[PDB]
Amino acid sequence: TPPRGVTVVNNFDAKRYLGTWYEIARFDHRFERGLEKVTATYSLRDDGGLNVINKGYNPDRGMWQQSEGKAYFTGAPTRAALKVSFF
Amino acid sequence: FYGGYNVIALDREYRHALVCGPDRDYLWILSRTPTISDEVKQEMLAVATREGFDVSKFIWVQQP
């Protein structure tokens, strides 16, 4: 579920959301802590979900790393509420 | 590793987005460009505060 009380975009056009986004700011969690130059790239699946690739520079490893995920809408694809599973 | 992903605000031209996770301890500002304007910055912060998010938790991510 979305957190109680929050807005969720309700005319979502997944096709126009596809491609690369820059992470400008985050609340810090151990899964992303220390990563700089973070991007998210979205593409459309045949089964109607999204493929996700999260990329960042890890200045400790001195390396680029990414994690890949599969996202599905929890309702109408015009409601921007999804669940993402990373693998 | 799995969880909710919610676009809570998005401008008309799909250039700027506020995304939250399964509760108010997860929030992200996304942009089509690596830097944003002071004006866009304050609108995003105003919206997050309005919906009960604690904007003091933001880390400003290094970008080229």
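Preceding this section is the structure that the text describes.
These notes cover the structure that comes with them. (Residues numbered from 1 in each chain as written, not as in the entry; some residues may be left out. Chains lettered and ligands numbered in written order. Heavy atoms only, no water.)

## Overview of the interface of chain A and chain B
Across the boundary between the two partners, chain A contributes 40 residues, which contact 45 residues of chain B. Carbon and sulfur atoms supply 58% of the area buried between chain A and chain B, which totals about 3,800 Å² over both sides. One can count 0 salt bridges joining chain A with chain B. Applying the counting criterion to the chain A and chain B interface returns 26 residue pairs in polar contact. Secondary structure elements with two or more residues in the side of chain A that touches chain B: α1 (14-17), β1 (19-27), β2 (36-44) and β5 (81-86) of chain A. In terms of residue count, the dominant contributor to the side of chain A that touches chain B is β1(A) (9 residues). Its residues placed into classes, the side of chain A that touches chain B shows 22 nonpolar, 8 polar and 10 charged. (Contact = heavy atoms within 4.5 Å. Buried area = accessible area lost by both parts, 1.4 Å probe. Salt bridge = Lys/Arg side-chain N within 4 Å of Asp/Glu carboxyl O. Polar contact = N/O pair within 3.5 Å; in protein donor to acceptor, adjacent residues only side chain to side chain. Helix = DSSP H or I, 4+ residues; strand = E, 2+ residues; numbered from the N terminus. Nonpolar A, V, L, I, M, F, W, Y, C, P; charged D, E, K, R; others polar.)

## Some details on the pattern of salt bridges
Residues and elements named next belong to chain A. Under the defined criterion, the tally for this structure stands at 6 salt bridges over all chains. Residue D47 pairs with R45 through a salt bridge whose shortest N-O separation is 2.8 Å. Under the relative-accessibility criterion, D47 is labelled partly exposed at 44%. One salt-bridge network, held together by shared partners, links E23, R26, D28 and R33. (Buried < 20%, exposed > 50% of the residue type's maximum accessible area, 1.4 Å probe, protein only.)

## Side note on the packing of aromatic side chains
Scanning the model with the defined rule gives 12 aromatic pairs over all chains in all. Measuring from ring centre to ring centre gives 5.7 Å for B:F58 and B:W60, while their planes differ by 50°; the resulting arrangement is tilted. Looking at B:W60, the relative accessible area reads 40%, which means it is partly exposed. One aromatic cluster is present, built from ring pairs that chain together A:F12, A:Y17, A:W21, A:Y42, A:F73, B:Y5 and B:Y14. One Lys or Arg, B:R24, reaches over the ring of B:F53 and ends 5.7 Å from the middle of that ring. Looking at B:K41, its charged tip hangs above the ring of B:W60, at a distance of 4.7 Å from the centre. (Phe/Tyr/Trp six-rings, centres within 6.5 Å; stacked < 30°, edge-to-face > 60°. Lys NZ or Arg CZ within 6 Å of the ring centre and 35° of its normal.)

## Considering the pairing of strand β3 (residues 27-31) of chain B
Residue and element names in this part refer to chain B. The buried count for β3 comes to 5 of 5 residues, which makes it a mostly enclosed element. Burial along β3 is two-sided: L27, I29 and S31 and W28 and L30, pointing in opposite directions, are all buried. Strand direction decides the pairing type here: strand β2 (residues 16-20) and β3, joined by 5 bridges, are antiparallel. Bridged to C20 within β3 is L27. (Pairing = 2+ DSSP bridges.)

## Some thoughts on unusual backbone geometry
Of note, A:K37 is a non-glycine position whose phi angle comes to about 55°, a positive value. Position of A:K37 relative to the elements: it lies in strand β2. For A:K37, a relative accessible area of 24% puts it in the partly exposed group. In this structure, B:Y14 takes a positive phi of about 50° despite not being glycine.

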